[PDB]
């Protein structure tokens, strides 16, 4: 069973029923203002920060799900329906929802009236525009009233949902029926005090009426599906005082057969300078100038269409950096459109706001934003350069860091814990990737404060040395890095020992002492320590580089000596010094993360893919045999069936979910990449397909979530719900798969001085072409691929054969033709 289809030419996913297994959403906007838009028009908008500047209210875990969004009630001769289907659920003759790049279009038709809404966030605007086209599709004239509807939230979503004792008395609006381009409603809660910002909701016509009070619009004892006002057929002209402000206009339209009318609605976010806050000397009336300017920019359909065409050109431009043409259209749509689009969204949202993340506790993750950069750097490197500075600024002088920062303020906080010892290294990961991509070595000289302290700036490079040294000076008795609160796995809490309910493993106090070490961090360190060494040698820091390589060698020696179980890598040593992830325990025998990552670091790699004796092969075969399911690879096996007090959160999940035997998808690309490292492209591609949206569209009823984006987790073999995903959209899986497919499968990756072309995808993709713009030159890379295990590529460049797989960077403006034979 499927619920829609990809449309590669329009770069859309087309949903053909409202009856999906779950609400399927798109993200609007890519700059500073964002909207979550479901296929039923549900969701909300915020400016910069989903907790602190949320414009409109949304209910997570509503009954039913997703009843709450931007609605347009049509009253046609007393019959009331919404083209989004929800909330009225009147029978529709046609329904369709198209999610595209930065816009969606939702169409519903019933009894000869077709209503189509195009939704998007324009470039350079802090606003969500809707363009509504109403068409008479019957053979008689029609007269209908359209009631727009949005529910405001009081800015601070946390306060909005818990602090009624205060907030039910503060709701404030103004109403401007006869504005310069049509009618507007102004939501200005707290603008009388410290807020310099307000929201507008307006339409490009003089409305017949309005409502700004939820209770009046909907009616006592009514859900949104039963709203009184649209049923009555006329606006109640309600002016809110406290309670629940809304934005709503009514417009009556008369249409002859085949005739249509357009309407443009804007929900905008505005700020004024402090001394330009008020229209009047008494400071009672809001200064509407920036709201009138905004409404003036979307007063016509023409203005809307121009914006939508610009947004398209922005996306075409964005997608011109990496693309592929092959015999596999699933592969292609993922690589050309969707995985890149998703990577923009994760770069913007980190893990804060989705239909699973609530946009309250989580801000921008230190580890999360660094990893996202890996799939984002080729898109817009100037924005990646900024993000690195923002991130490194939340670093402490001892090289440890705040685990996340608040998007509005860019200041770090401990709301989801502190002292994750894998954090510091991801910074090196992010800078290495950015430099390989852009060649912008000057970033290493950027002055960057610790903990945003004015006057504490040092060069970025120095933050990396802090990161590196943090791990050097925090190893345990085996030479492996101390784990601290948790490593890459948030639920491996080895310093916790909590027997007190209700307090979060993420924020709860940890024990000083013990000897808990992480095999994962060991690998991470070998990988990014080597990169650090490379940056040091290039800054001209010979002793530093030398010293750095001595430490890397030591730590990799320790992985081989103390971090190997026999058929796989060990996961860790607990508080007590006992091994975690050994065949000597009955549960949690093998954990996936060090298998993927130690192999990417090159640890235990042998002569080739057929070297059954190499540790890397052995590890990967164990991952194949014990962790493999048709939905991907589970995190560990077997899952823990009882609470293991020494391991923290991990065994708190029922088997087969999240970190206790779920397919935690973001560690899957590591095994994929590893598999290419040992020369088993076939298997790597196999693993790629198990978790990839386009190959799972065909089991939409099982996956349940959006079929065009990666999800955080898919229930494992031990779950009753095996195969069903949770937490879609916001996940490091997106950037990690992008890195996997674009760089190791298809094999095109930037290095410092050239572009590496090293295909390893197996025989399912026998021929394909990649166009990669790197350092202002275009590389047209034509691959003939036999997929033979261990077969690695040879190159010709502009007709001459070359040595190895690195193509030195041509000058800006050239086109370089690479012919690849595997």
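Numbering follows the first chain given and starts at 1.
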When the Cα temperature factors in the entry are averaged, is it 145 to 153 or 251 to 259 that ends up higher? 251 to 259
Stretch with the greater mean C-alpha B-factor as recorded in the entry, comparing 713 to 721 against 346 to 354: 713 to 721
Which is it among 264, 286, 558, 705: the one with the largest CA B-factor in the entry? 558
For 275, 332, 190, 215, the deposited C-alpha B-factor is largest at 275
Chain-wide C-alpha B factor ranking for residue 793, given as lowest, middle or highest third: highest
Which third, lowest, middle or highest, does the CA B-factor of residue 772 fall in along this chain? lowest
Going by what the PDB entry lists, where does residue 681 fall on CA B-factor within its chain: lowest, middle or highest third? highest
Would you please rank residue 9 by its C-alpha temperature factor against the other modelled residues of its chain and give the third it falls in: lowest, middle or highest? middle
Is the Cα B-factor recorded for residue 62 in the lowest, middle or highest third of its chain? lowest
